[PDB]
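There is one chain below, alone, in structure tokens, taken in the form deposited in one PDB entry.
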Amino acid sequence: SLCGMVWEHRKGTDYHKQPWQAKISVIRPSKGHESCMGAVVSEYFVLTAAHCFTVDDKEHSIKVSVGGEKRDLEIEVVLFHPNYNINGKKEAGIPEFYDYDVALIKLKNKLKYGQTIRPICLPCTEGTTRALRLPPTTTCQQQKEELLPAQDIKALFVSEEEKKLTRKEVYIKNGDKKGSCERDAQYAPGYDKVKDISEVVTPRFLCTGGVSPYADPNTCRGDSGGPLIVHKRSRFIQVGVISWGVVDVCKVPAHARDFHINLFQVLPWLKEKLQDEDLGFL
């Protein structure tokens, strides 16, 4: 199959429209389960946020499903980015630090691509170069400048509300608005007294949300971990992983920013872990 390509037909389920979307549920007796999403990136892997796994039990507590299927898929192992350390800045007044908040769920059984289950394209891969109908002289830097220019980048994410999946169009402030977007991180939970924001907002994050240039929808609690996508040439390319934000409105607007791990900033990890998935990383 061709990554980031959807069913060329009308109607169909929410998974005909977003075949790459995966649902993740981490369950515990207390009933305060984690709810997250991810994206199929190959037949054996699902990419999502590292912070979703708060119960270290891949055998019976992590429920992963795709294609709107009801069955939960067998997990071989969950790989956490090596630099991830959520409590690493506790002593500096940062309760939860989300740098490198990405993880890959490796499935025991190979996924079978259909009209409701298909991979999404990843940065600096052969699939993305072809999806964007670019020539083979295309490099990783070129893909980056093509997908993430120094401006307000049009992008989207998939949100679930009332049993329904919907695309939410947002704008990544990667240009002159970047700074003001990142600075609103001061309004995120536990960050009240964080003097320098660069300490909670590292060069591994993309910033969306706000009312400028437009009134951007915000990620819902359950959407955490899902892909942040750039829609180009009728193809879907994942550029980030939803990680955290200022507020959950699905439940001051100009302050409603969401942060995502920029996949261009965790390529050595991705390239190494998915080196056997025939995705052709550059």
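Whichever C-alpha set is largest while still superposing within 1.5 Å between the two forms counts as the rigid core. For every residue, the number given is its place in the sequence shown, counted from 1.
Below, we refer to the form deposited in another entry, which is not included among the displayed structures.
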Check: For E69, is the C-alpha shift between this form and the one not shown 2 Å or more after core superposition?
Finding: no
Next item on the list: Superpose the two forms on their rigid core, then report whether the C-alpha of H33 is displaced by 2 angstroms or more between this form and the one not shown.
Entry: yes
Note to self: For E161, does the CA position differ by 2 Å or more between this form and the one not shown when the superposition is done on the rigid core?
What the structure shows: yes
Next item on the list: Kindly indicate if, in the other form, the C-alpha atoms of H60 and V102 are closer or farther apart than in the structure shown, bearing in mind the change is 3 Å or more.
Entry: closer
Item checked: Cα separation of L79 and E59 in the other form versus here, shift of 3 Å or more -> closer
